[PDB]
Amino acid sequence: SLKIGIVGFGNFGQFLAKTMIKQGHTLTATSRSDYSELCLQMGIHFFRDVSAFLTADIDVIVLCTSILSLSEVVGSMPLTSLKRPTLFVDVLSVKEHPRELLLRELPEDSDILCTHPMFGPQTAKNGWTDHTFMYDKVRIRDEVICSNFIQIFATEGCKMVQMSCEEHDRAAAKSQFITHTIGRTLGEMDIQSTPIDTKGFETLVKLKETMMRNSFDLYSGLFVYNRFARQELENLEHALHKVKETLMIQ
């Protein structure tokens, strides 16, 4: 409890590491880019080469690369260099895609846990308490290891939500994707504070600031790999034109 290897040590991978290190887990990391110095600072063992990574002593592998790159990343991995059957955890913001991919590409005897912490650096600055953690036990035999990993979030007092990947994607297309879409639209407008802001407008400016601090890759992945996203983008445009037209009538 627990030796954890992180694939993709960018913004979100780092976020998770800080709390897992605090709880006492032993971390290993690997990534496309060089995080040697940062991992040195944090006492994480960093492997630049993913084949070297897969030979380390690891209970759990956490996939933390961008949605867009997950196919490339998993596809290149020498999964035949896996030393034991391992638990694979993804933390992608969309869920049907990693689920099908990992089911197709991973060795059969390896376990699959699909997850999405509904929070991050911009929204969980202090702690994780009363933030939501979604997960789906896609292929779990070793309940002990699975339970240990899931406990990482429970003991931070996350709200715990078990849900299918498809139901996560339907619900996320109608909520998170719309939320990001609005934040970006406001970012494209570059809204600015005024002397006479309303509470509502202050709220939108803060949403703009937060949504824009995510990568464009992340936002795109929400759309490209969520099959329910396109319809929500449509409903959003269709609703704005309904309001616009009632204004024209008036």
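Residue indices: 1-based, along the sequence shown.
Of the two segments, 161-169 and 143-151, the one listed with the higher mean B-factor is 143-151 (C-alpha atoms only). As listed in the deposited structure, the average C-alpha B-factor of 81-89 and of 133-141 is greater for 81-89.
Considering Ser215, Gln41, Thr185, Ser31 together, the PDB entry gives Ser215 the largest C-alpha B factor. Across the residues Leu101, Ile178, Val73, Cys114, the deposited record lists the maximum Cα B factor for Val73. For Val224, the recorded CA temperature factor ranks within the lowest third of the chain's modelled residues.
Among all modelled residues in its chain, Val62 ranks in the lowest third by Cα B-factor. In this PDB entry, the Cα temperature factor of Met248 sits in the middle third of its chain's modelled residues. When the modelled residues of the chain are ordered by their C-alpha B factor, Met118 lands in the middle third. Ranked against the other modelled residues of its chain, the C-alpha B-factor of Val94 as given in the entry falls in the lowest third.
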